[PDB]
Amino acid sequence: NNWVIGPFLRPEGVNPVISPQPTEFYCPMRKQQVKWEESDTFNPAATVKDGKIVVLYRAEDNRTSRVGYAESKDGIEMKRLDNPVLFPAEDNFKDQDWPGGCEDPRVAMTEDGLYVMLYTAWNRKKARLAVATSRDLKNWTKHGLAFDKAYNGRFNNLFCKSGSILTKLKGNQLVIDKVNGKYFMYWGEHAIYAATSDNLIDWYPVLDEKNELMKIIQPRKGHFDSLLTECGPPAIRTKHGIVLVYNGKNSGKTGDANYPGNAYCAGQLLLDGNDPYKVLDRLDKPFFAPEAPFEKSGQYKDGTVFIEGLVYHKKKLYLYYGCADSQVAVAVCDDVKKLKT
């Protein structure tokens, strides 16, 4: 396991870094003041801008999901905005995100400074992968569903979520990186799939010889990833190939007894740097699992963690995750040599 990214250690006493608050904003959908982050602040994307770490967290009201913004000098202290930055609005995407909102963002940045967010649009009928862009991280422009166009709209009503764009470390920053002249992402919840794109907006799911969605990995009985194998933060190139950090949901009946039933633990998949569909290695045991009190609650007695943000900052990697389906926590890795390529 020389290729594994880590270890990620929880800084003592700092977690959780983002918790719910009764903060209000005027909702253009509900046309009234809404306590948009009163219930939970979790499943966070993370990125960097102007030397600062930015965490874009899923927030739920009393539900509708909206994305909040938090800014941090050191990756620990958070300065939050009173208004959410991505939410259902009076726009041309009501069919996609009214009334369930915008969930579970993952963010990556192009070398030219465009931040691309892959998130889930929820209309209470289908949860569907959507794309938003921004240059300042506060003003987001929706571009619709990731699979709206591809193959005569074949997957325009496919239930799907969790998009992890391929990135690499370039001169002090994680940037989006291409594969064979096209942009690339892993995606999925019940299996890990892939998709390509010319423009980061319209994505084309990779199909196999049977003209079916090609699964790279899927759940395994007896292991932590026994019910789901869900994309975590953006994938990252390393000396040994492409590493995808992913979240496994454990079955209490057919999973790994060493971990809690129905909880998520994090694994890693090593794929070939020349052939991103080719698996080279996969962790048998999770590299990050619920262990601390802040990752547990009444609903998740033994805890649960969901990894969704990964940033390189001052020669360290900061991992941001949803803890107990309700708060945001951070863990840090100071071993980054493997990222130089």
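All residue numbers refer to positions in the sequence shown, first residue = 1.
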query	finding
Absent coordinates between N62 and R63 - deposited residues affected, binned into four classes	4 to 9
Residue range whose averaged C-alpha B-factor is higher in the record, 237 to 245 or 161 to 169	237 to 245
Stretch with the greater mean C-alpha B-factor as recorded in the entry, comparing 259 to 267 against 100 to 108	259 to 267
Residue with maximal Cα B-factor (values as given in the PDB entry) among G298, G68, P44, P286	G298
Among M185, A146, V116, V179 - the residue whose C-alpha B-factor is largest in the record	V179
Lowest, middle or highest third - CA B-factor, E308	lowest
Third of the chain, ranked by Cα B-factor, where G232 sits	lowest
Among modelled residues of the same chain, the CA temperature factor third for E212	middle
Third of the chain's Cα B-factor distribution that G322 belongs to, per the entry	lowest
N199, C-alpha B-factor rank within chain (lowest, middle or highest third)	middle
